[PDB]
Every structure is written in C-alpha cells, then in structure tokens.
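So the structure is just underneath, and the comments pick up after that.
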Amino acid sequence: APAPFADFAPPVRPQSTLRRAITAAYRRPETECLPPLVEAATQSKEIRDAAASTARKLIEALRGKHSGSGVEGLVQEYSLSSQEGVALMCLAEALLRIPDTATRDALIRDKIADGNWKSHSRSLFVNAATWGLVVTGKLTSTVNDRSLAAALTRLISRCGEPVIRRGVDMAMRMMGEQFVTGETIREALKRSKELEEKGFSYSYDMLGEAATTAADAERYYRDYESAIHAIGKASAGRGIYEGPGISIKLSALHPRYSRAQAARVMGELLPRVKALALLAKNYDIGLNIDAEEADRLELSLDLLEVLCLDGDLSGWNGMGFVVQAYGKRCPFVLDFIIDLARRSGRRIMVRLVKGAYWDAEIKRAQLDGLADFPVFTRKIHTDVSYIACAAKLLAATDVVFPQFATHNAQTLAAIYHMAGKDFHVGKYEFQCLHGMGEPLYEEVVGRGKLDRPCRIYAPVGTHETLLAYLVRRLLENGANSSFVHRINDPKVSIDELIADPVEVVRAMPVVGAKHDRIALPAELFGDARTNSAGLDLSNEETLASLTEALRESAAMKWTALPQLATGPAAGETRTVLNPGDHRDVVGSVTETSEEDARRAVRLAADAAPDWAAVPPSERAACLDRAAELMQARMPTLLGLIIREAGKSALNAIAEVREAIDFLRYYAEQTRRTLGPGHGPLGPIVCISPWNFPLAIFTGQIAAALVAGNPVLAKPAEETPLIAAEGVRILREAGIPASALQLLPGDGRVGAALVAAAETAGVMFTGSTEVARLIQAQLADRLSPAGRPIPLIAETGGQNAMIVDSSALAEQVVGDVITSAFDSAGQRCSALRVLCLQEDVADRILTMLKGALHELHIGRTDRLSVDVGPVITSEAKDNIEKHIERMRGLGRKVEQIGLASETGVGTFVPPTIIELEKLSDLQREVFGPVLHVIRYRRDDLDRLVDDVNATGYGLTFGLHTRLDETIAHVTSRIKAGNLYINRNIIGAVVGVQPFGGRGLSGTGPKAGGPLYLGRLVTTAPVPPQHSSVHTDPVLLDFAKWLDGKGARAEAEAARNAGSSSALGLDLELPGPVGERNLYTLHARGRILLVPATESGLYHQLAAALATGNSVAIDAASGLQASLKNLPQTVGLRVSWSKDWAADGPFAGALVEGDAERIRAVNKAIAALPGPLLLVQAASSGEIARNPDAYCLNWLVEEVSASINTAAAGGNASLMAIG
Amino acid sequence: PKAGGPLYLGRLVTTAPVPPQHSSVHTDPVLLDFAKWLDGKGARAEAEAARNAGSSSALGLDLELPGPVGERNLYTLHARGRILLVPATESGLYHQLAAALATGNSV
Amino acid sequence: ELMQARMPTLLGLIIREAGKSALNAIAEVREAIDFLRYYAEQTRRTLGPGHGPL
Ligand SMILES: [C]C1=C([C])[C]=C2C(=[C]1)N([C][C]([O])[C]([O])[C]([O])[C]OP([O])(=O)OP([O])(=O)O[C][C]1O[C](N3[C]=NC4=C3N=[C]N=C4[N])[C]([O])[C]1[O])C1=NC(=O)[N]C(=O)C1=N2[C]1[C][N][C](C([O])=O)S1
Ligand SMILES: NC(=O)c1ccc[n+]([C@@H]2O[C@H](COP(=O)([O-])OP(=O)(O)OC[C@H]3O[C@@H](n4cnc5c(N)ncnc54)[C@H](O)[C@@H]3O)[C@@H](O)[C@H]2O)c1
Ligand SMILES: [Mg+2]
C-alpha cells in the first residue's frame, strides 16, 4: 500500500536557485516589484529626451496617415446605427459561409435583398460580440439578438442589395486579409513577400490553442508540422533572423497542459514539441513558444530547459520563448532563460511582450482567493517592467536574441535609444501583430526610417478558427489604457502619449501601489467580512509545504467521539477507511447510543438559556475565531478531507474555504440583525451529509449557534472525523461544550435526536427520502407553544444544463466535465442532464467523450487525480445498478477505463449516458453519471417544461450568447441556483446563496440572508430585504375586502403588500467578470388551511402579497366568505377537497388550535412530493400578531450567476488601467 | 400611435418599417404555451407564425430616451389590453391569436 | 430652418391669433421645428422602397 501523499506533487526537476527566485516572485506585493524595475529601466536625460523626440515623430506620422476604417466608412455611407453595423457584419459573416461565389450572389440578389433574410439552426448573430468590438470598440458580453434582427430587417429594407454587397466585401477583406495573414499557410506565405522585401520578417501562428481532446491535440500537431514544412520550404536557407519562423502554443499540443498533469506533459507533450523543433532545425527556422496563462509559465520552463539541453537539437538557435512583462516573475524568468542560454550555448530567441490575458488573471486570482495577483494591476507598471526587462535583455545579446513585441511607440522609442548606435541584423529585433502594427513599423523598418527589423506575428486560419484570438485582440485595442485606443483618441495629446512611464512611476507618492479599483482577493467583500483564502497548486513552494503538511495529517490519530456537554461518552468504536483505498485507515469513530443522543438533547435544553444569554456579537466573535482557526489549519484539514471523503486537493481547498465563508458570513449577518427580541428556538438538531463533510456541517451548526441555539451535531456516518475536528475548532473558538455536542453515528442517531422532546428545530441536508422521514417524525410534534417545529430540509437535485448552437463547445465541455464529474459527481449541484441543441449535439458529444478520456481516476492523495472514489460500496452498487439498467435499455454508455489500483477502493468511472427523453430518469443518481438529451430549437420551451417536470429545482445551467434565449429560459426555469455560461457547481457563500425548491429544498438558502431568521422565534429584517413593488392581485384583494366591509383585513392586506419583499432584485458583491444576482419570487401555490373568515382573509393577504396562488381547504366550509372575487384574484384562487390531487404546493398556511395544527401538519406531511414549509397560527394569534404568518417564508429565493467574461474578456476591466 | 414617437410614420405607409430601437428580448409566456399547443395539434405553419410573432413583438421594450439633464425620459411598450378578434377561418383565428398573445393582450 | 429663423414673426401671429403668451408661442414654434426634424430623421432611419405611401 502506497504511503499517503508520498507522491502528491513532486516537481518535474529539483528547483534550481534561479527557478526558486522565479517562484518566490509569483504573487509578490506590487509595491515590492516596482522599485527594482524603476532602477533597471532608468536612462540618461539625454536618452529620455531623444526617446521622447523619436516617439513624438512616430506618433505624428501614425496620426497623419490615420485614415478611417473600412467599417467606419461603411457605417457612414449608409447612415448605419451601431446595431445595424453589427447586424450587417453578422449577415456578411454568414453569407461568406456559403463557399460558392455565384451561389452567394444569387442568394443575396434574389432572396436576402428581397426582405426575408430569416427564411434563408444557428443564430446569424452568434459572433455579434466580436463584430460589436469591431463596430463600436466596446465589448457586450451577450448578444441582443432581437435588437440585431430588428436592425438587420431595417437596414435591408432601407438600403437593399448595395449595403449587403458592401458588407460582404468588407467582411471578406477583414476576415481574409486583416484578422489573418491568410486562410492557409500557402496563402499567408504568398502575401508575406511584399513586406519581407521591405525588411520585415514573419512568425506564423496557426491559431491552435486549448486542445480539449487527444484528437484536437493531434490535429494541432499536424497543422504545425505541415506549416513548418511550408515555411521552411519558403525560407529556403534565409536562416532564423531574416527568414520566417513559426509560433506554437503548448496548450494546443496536449489536452491536459497543466502543472497538475506535469508528468503527462513531460512524457507526452515534450516529445511532440521536440519533433516539431527537430523539423524547424532542419529547415533552420525559428520556433517560438507563445506565453499563455500565469499558471503555465513555470511548467513551460521545464520544457524549454529539456529542449535546450537536448543534444539532438544542437546547432540550431531557432528555439524561441515568450515572457510577459505584466507578470511579476518576468525579470527572474529572464534571468533563468539567459542562464539557460549560457549553459546550453543556444542563443534563445526571447520575445518580450506585455501580456494578453490580464482580465482573466485578475478574475482567476479573485476566484481562487489567492494572496495577490501574478500580474501588475496598473498598466504603467507593466510598461516599466517591460522597459526594465528590455534593459536586461539588451545587456545579454551575445547569449539571447531579444525580440521586442509591442505596438506602443513610446515603448519602442525607449528601447531603440536604449539599444544604442551599434546594430546588425541578429542583434535584436522588434515584433508586431499582423494588421495592428504595420503602420507603426513602416516608420521603423528600412534604412530610410530607424533601420531596425520587425517580425510580424501572422495568424493563419479559416474564419472559424480565428474567433478566440480575434476577441483577445479586439479587446486589447479597446481598453482605455491601450496605446492603440489612446492614439486614436483625439482628446489624448502626443505629449501624454510620449510621457515616460519610468519617471511617472518614480515620482508616485507610493511607488508600485495596487490599482485602487481592483480588489485583492481577500477584500472582495470589503468591510462586510474577510474572504477566505485558497492555495495556489501551481506554486512549487505551496506544493512542497502542502506535501509535508498532508503527510503529517496522515500520521495523526484522528478520532470522533460522542462529545456530550459533560464530556466524551463511551460507545461502539470502529475504524474509518479511505474510500479510495480501504487499506488506509484514516481514524476511529465512537458512535452514539440512542440513549446518549436523548441525553444530549436534554443537556442542550438545560444549557439553552446560558447560550442564548451570550450576546449575539460575542457569539459571532466565536464564529470569526473559528474561521481564523480553520484558515490556519487548512493544510491539515485538506489532508483529512482528502483521505476521509475521497476529495481531491482542489475540492478540499474549496470545501474548507466554504466552511470559513459560512462562519464569517453568518457572523456578519448576525452583527447586522440579531437583537433581544429575536429569541432562539432552543436545541437545534443539525444533520449533515457526507459529501460536503466540513462545509455544510459547519454552515448549519454555525448558523444555529450564532442565532443563540445550542446544537446537537449529527454528522454523516461516513465522515465523522472531519466533523469532530470542526467541532474541536468551534469549541477552541469559544463555543461552550454545552452549546455544541457532537453525536457521531448513523441515521438512528439522527432520528433519535429529531424525535427528542426538547428538539426545537431541525436543520437537515441530505437525500429527499430521508428528509421525508424526518418531516413525518416532526408532524407528530408541536413546540411548547403549540406550533410546528421548524425544519430546513435541503435535498437532492436533478440538475440540467441547456446548451444551444451559439455556445462555444470548448467552454461547454470544460464546464460539463467539471459540473458532472468533479468529486465523482457527488455534489448536490452536480450536472445530471446535459441538453444539447440537435444541430451541435454530435460535435459537442464527440468533444465531451474525448475530454472524458483524459480524466485520471484514483486515490486522491495525488495532485494528478481528477476524480476520486465514491464514498461507499453501497453508493457504488447503487450507481452501477443505474448504469447497467440504462445500458440494458440500449442507451449508449461511454465509460473510461479504471486502473487496477482502484480495486482497493470504491470507484465508479465517469460515465456518459445518452437518453431519448428526460423522463428516462426517475431519481437522483448521486455519482459520476452524466445523461445527455438532444432537443430541436423550437422545442426549447417544452424542454424547460421537462426539466421542471422532475419536481426538482436545485441548480440549472444555460450556455448561450443570445439574450432572447437567456430571458426565455431564465424566466421559465424553476430552480434556486442558475448559472449562465459557466459551470453549475458554484455555491460561494453570500455570492450564490445556495438552495433549491420543490424536491430540492424548503429553504431558506444556506449562505443567504434569510437563513438565520428561520433559527429564531421572531425573524429579523435581513440586510437589503425590502421591495418597492406591490403585488397587483394583493391590491385587488384589498379593494375587494374594503368593498365587502372587511376594513381591518383590507388594512392588513395593504400592510402585507408593503411588507412583502417580493420583487427584491440585488447584485451581490463578488469577483470581477461575473454578475451574481439575488431575487425574491413567488413560491408558487400555497395550501391554505383556514378556520375562520378573518383567518382566511389574513392567509390570503399573506400569500397574495408574496405573489403566490392558493389552494384553499374546501373542508373549512368558508366558500361563502370569498364570493364575487375580482377576476384577477379568482385566477389565483382554487378550492381543494383532495389536497394530494391538487399539488404540488410550495408552502402552507394553517389556522387552528394546537390539536388542529398537529392534525393538519400530519395531513400535509402525507402529501406526495416536496416537503412543504408550513406556518401555523391560532385565530387569536392572527388577531394579535400582524406577523403571525411571516412573509419571509412565502417568497422563493433565486440566485443567478452570469459569467460576463464568457465572450473572451471583461468589459468592466477594459476601463481599468 | 404617438405623435413624436417612433411608431408614428409606420402608420402612414402600407407596410410598416421596423422603427429604431424597436425590439424586445422578452417573449410572452402565454404566446409560448399557445405555440406548443399548436405544435401538439400539428398546425405547423401556425405554430411557426406564433413563434415568429413572439420574437418580433416588441412588448416589454423599456428605453431611456436622450433629453435634458435632470430628467429621465422613459419609453415603454405594454400590451394594449383586450383585442377584439373577428376571424373567418380556423387558421385565421390561430394567426390572430398569435399576434395578440405575442403582444401581451387578452382577446 | 425657416421656422427657426422666422420664429419671432411666427410668435407674433400665434400670440394674437390663438391667445398665447410669448413663452407658449415659443414652445409652439419649437415643437413644430422638432416635429419636422424628428420625422425627417425617423424617415432617414427607416423608409425604403417597400414602404409605399397610403
Ligand atoms: C506584438 C505582439 C507579438 C508580435 C506577439 C505576441 C504579442 C504581441 N502578445 C500580446 C501582447 O502581450 C500585448 O497584449 C499587446 O501587444 C499589447 O501591448 P502593446 O502593443 O505594448 O500595448 P500597450 O497598450 O503599451 O500595452 C497594453 C498592455 O498593457 C497591459 N495592461 C493593460 N492594463 C493593465 C496592464 N497591466 C497591468 N495593469 C493593468 N491595469 C496588458 O498586458 C496589455 O496588453 C502576446 N501576449 C502574450 O501573453 N503571449 C504571447 O505569446 C504574445 N504574442 C502573441 C501570441 N499569443 C497572443 C495571442 O494568441 O493572443 S498574441
Ligand atoms: N440541497 C443541498 O444543499 C445539498 C447539499 C449536499 C447534499 N445534498 C444531498 O445530500 C444527498 C447525499 O448526502 P448523504 O448521502 O449523506 O444523504 P443521506 O440522506 O443519506 O444522509 C444525510 C444525513 O441524514 C442522516 N440520516 C439518515 N437517515 C436518517 C433518519 N431516518 N433520520 C435522521 N437522519 C437520518 C444521515 O446519518 C446523514 O447525517 C444527496 O441527495 C445530495 O443531493 C443536498
Ligand atoms: Mg445515507
């Protein structure tokens, strides 16, 4: 048996001093990075004056020949609005998908120009965000396809065939000659002769990146290989400086290019790069490795090292490598490369760029809760870094070949004068992007200008392949801080453009301060609370320290005991085994007798006043202290979760982060709300699931505790050890032993706790079937006041994602792989049903199956493991029984092979099952099993019906670029957590408050602002909880009441209309590149069980004020109290003689004495389907208490998370520099 | 239609143009249910007409118009109310219903 | 353009023929000018050969 974590994440090679200095700078504070760069970038006053003069001269020439763009002239000629211009370019794009020129022209002349363009599976406007950048310079993340359709109809009906003709010719020019140098390498090489004769050179980019499958990587490989032949044939011995070369992206050459898969990268990717480099060597052309995301930088250095030390490549100086000056590690990376060039004797071609992925790096660091960014946050810092690194490169031209890739004339001029008077071809060069840089460098290349060479980075590919690179390009030119945007801005003077970034930074009061408008990840929530911190699993120091802490966690003797108020109790003891390897004993659990569980409830009851008397601020301080303890102990907590619950390190980090976030969120919500009149319920039984064994465990207990309730904590029988450690942490944080008792054991302990007479409330997260048993237990019970015992029951999902033909397959597949198979599908939020529009289903399914087979399944104490085990052999048997049933029905089943090592544990391979109809599913299958259905676009509304028809309502995803489809689907889906253009497993506390409806939950949502109010007898007013909107049917009912003479009830109805928070619509603070929305909706149809006329009027007012319809108990005999209702109200009112037939309901209001309430509660619990959140009151309570029925529980919370960076960049961050 | 607004000129020609900014991303939910019902009955041309009406309807348009500072001048498209339908044929009635339901109206 | 340039004279007629004050006569002429320019622009944004007159 392998020792735990003995092979967790060993580095590719021992880290040299130079490599370690790189890693040390990864997230260095910005104020520490800049001073050395300012020193390195300093030049003499004479040079700065000469540079400014050169830069002014370049900028004056640039602005002098600056003519209007072709699209701008087209917009002008036909008086097009922006939407018309965008719609026209979308139409032209589509017409160019028609290959035959004569066929296209007939369609234009005879069909398109004559009105109905719509007549002639894929929205015309799928790429409108890109064309929007071209036309307007601004990025709109999604497409208003109804606005574009209207604009296209309007412009065609107004201007006819001539404007279509001009649009097509424009689009043809741009997509064939401006965004790419050519469609094919042969075409690009032909078009390169003109500028080569003027002194330019070329580096061709075949536009591959981010392989998703093995087949993708093979395709990109043979594309590079075939391009190298064509370029090498064309080079014809010109060599690596005068002649053309190629650029490659490592992400194109392997589907798992990541530090987590470093062994696969070195074993499988490296030989492919070597083979391409050997061919480049034989033709003697340059081969450049493009720089990509920050978490790939250091990994790529291991390939660069091996290649430069490989004797088979000796004699060739064409190996090239990009370094990104916006990165804090850039100068240290250059030190490493220069030293490698010295050791290997290879004159490495070093392309210095600023960096292409800035927005994405900001979002990723925020999402991951890391200490700082790996890039600068002020644009001028990148400029100083660039010039500092150019000085380092220019001092090493004997050993490297510097290549200064920039379109900034100030940057260029500074380096031109820095390099001095001695020049020869091969000393260094400049570089520019095809299309973007020729105006500037025609003022540089040639003995009549600055007589310095420029290599053009030349994209090559079809219209289809060009999109990703294009948005990344167009977003760059649109940012306010970009040189290209500023030189075109008339309000920007040449003096401002030639301003020296080195001197500007040097004179700042605080050198190198972070941007004021970009939050560090820790500060995402500002003054409200401190964000939890994650760990960077791409950082070798982190991996090394985590390796030791994980190993140490595996040597600990973890135990879980019945921790009663009086001290640990005796019981039956057994071992806890690693689900991924039953030979790995993780610890020992002593489980609770039903006698001791009943005793613990009595002890909690006796201790309840002492805990309620701890002021809310001090209870919240305990939570905050507990959060600090968990943050400090995260590495050890990771190791325990990894081994006890079969989680990967990434998932365990998120798990501990979520626990920390619960603690801090409920602490802050407490400080915002709880006062003397919000009395605790009493002893609360917290029953938690195995699959989030720390986070949900902690969240329920922390909420109950901070609301002033003593807690009986019953963890899932599978995962008691992490629960015991969380209880130890909470107790260390100051929660008294009498306020928090741990009762390990199975459902018998849970049931004994629920049944205990003093149990005042139950918080349950788990399966719907178990919640239903607890609901039945509680229906026997009333509080001492004669009211139902509150139950929060957060249960299963049957979560769908709908994908239309506008979505990007690579994005979809990544989000599907994560949503369906992360944690082996053992997330309640996990994707269960993928719904694919028929026209794209085959392509996406092929890509999905290819991605499936790149997953590594195994024991999770290895960083390379993607998917761990299922929790037990019983879970495995249950999942496999489902798979084989489906397989028996003839459904296509895709499964990846499991290594023999999995036999010592309980594993189910990630599985894809292709279904015919959504009704082929019957129950939640809690494992790594994705079902796929196809749908025709016209049946989208029916498909949403089908998703809703399961009765679940937890998470839901939609991948589309089209606003009409977003509006349609999100208005018709009924689920508590929605996700647009991203995965569906985000439940960030306070950002996506988490929890569903129907069979998925009673609410209120964990991690949201209504949660604590359920755990006290009188609910406070949550922060931000109000609405200016009044339900109109409530208003009509209040008027009807006044017309009937029921004046007091009409007043109560109007008060309910005002007090309702129906229509609340908020955006919650969170990471950049995401919009996180929180809204209060009607729950649905509320069952009303009245006893008196006034009671019925109050119940109806409460239900209508919160947007609901009602079914009124016909056995009340109160039909005559509701005669002659307004039609608006009658539409919402039905009478029910058979409650079971008229559901599902979404809640209930009950009026009666205590035994009437108990009887109705039993009848309601017997209704099929969803657990109902029931509120009961006596007639006298209704008369005395306007809040007898609390409106908090008559609305439904909906969280929506929209990935606004999905189009390829972040519009908000484009204005930040 | 309103004088001084974008629907006005279209009343004075035999085929109305699409006015500037005249669109909506919202689809009437009753229109959607009607299209599905027509689908179920096999009235494929009418169901297509219903879907097309649902998309081209500008019901729900909600714009701020340019004007003076210190004012917000808003322009919105709502249902008219109850529309009198005088059909002659079943297909005609389905088409009338599609047009009226797509624009939020009762009939 | 003509109504704008002749607004003072048009004001005088409106004041005496229709009982308007100077301020309201100014508003009257401005609105006429705005109708003219608005329907002109709306025409430039929309009308094509298939939008036949009544
Ligand atoms: C020219 C070139 C070549 C030849 C090649 C390459 C490149 C380039 N790239 C790109 C770069 O990086 C950049 O992005 C551009 O170029 C731009 O820059 P320039 O011209 O310099 O401009 P300016 O304006 O001066 O600047 C801009 C910049 O800055 C920065 N920022 C912004 N904002 C900010 C910043 N920082 C800080 N903070 C703040 N706030 C940024 O950076 C921007 O951009 C590249 N890149 C990369 O990454 N890599 C590579 O490799 C490269 N190359 C190419 C290839 N790839 C790419 C793609 O694909 O896309 S391109
Ligand atoms: N809605 C959410 O937020 C959410 C979150 C996580 C998990 N879940 C659901 O949880 C399920 C998986 O977790 P699980 O396997 O641990 O759920 P489970 O229903 O099997 O058990 C959950 C807890 O209930 C206890 N239990 C079992 N029988 C009981 C009884 N008769 N009375 C009282 N307690 C009893 C168990 O000991 C455990 O502590 C999945 O259905 C998943 O969807 C929901
Ligand atoms: Mg269970």
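By convention in this document, chain letters (A, B, ...) are assigned in the order of the sequence lines, proteins followed by strands, and residues within each chain are numbered from 1. All values below come from the heavy atoms of this structure, side chains included, with hydrogens, waters and symmetry mates left out.
The two atoms that bring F35(C) and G4(B) nearest to each other are CE2-N, 3.8 Å, heavy atoms only.
Only the backbone of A16(B) comes within contact range of chain C, judged by heavy atoms closer than 4.5 Å. When heavy atoms are compared at a cutoff of 4.5 Å, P19(B) approaches chain C solely by way of its backbone atoms N, CA, C and O.
For residues 3-13 of chain C, an interface with chain B (any heavy-atom pair closer than 4.5 Å) does not exist.
Note on residues 13-27 of chain C: pairs passing side-chain hydrogen bond (donor to acceptor under 3.5 Å, both in side chains), not counting sequence neighbours, are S21(C)-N24(C).
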Please report all inter-chain donor-acceptor pairs (under 3.5 Å) between chain C and chain B, with distances to 0.1 Å.
unit_1, atom_1, unit_2, atom_2, d
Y38(C), OH, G5(B), O, 3.3
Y39(C), OH, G4(B), N, 2.8
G52(C), O, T14(B), N, 2.7
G52(C), O, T14(B), OG1, 3.2

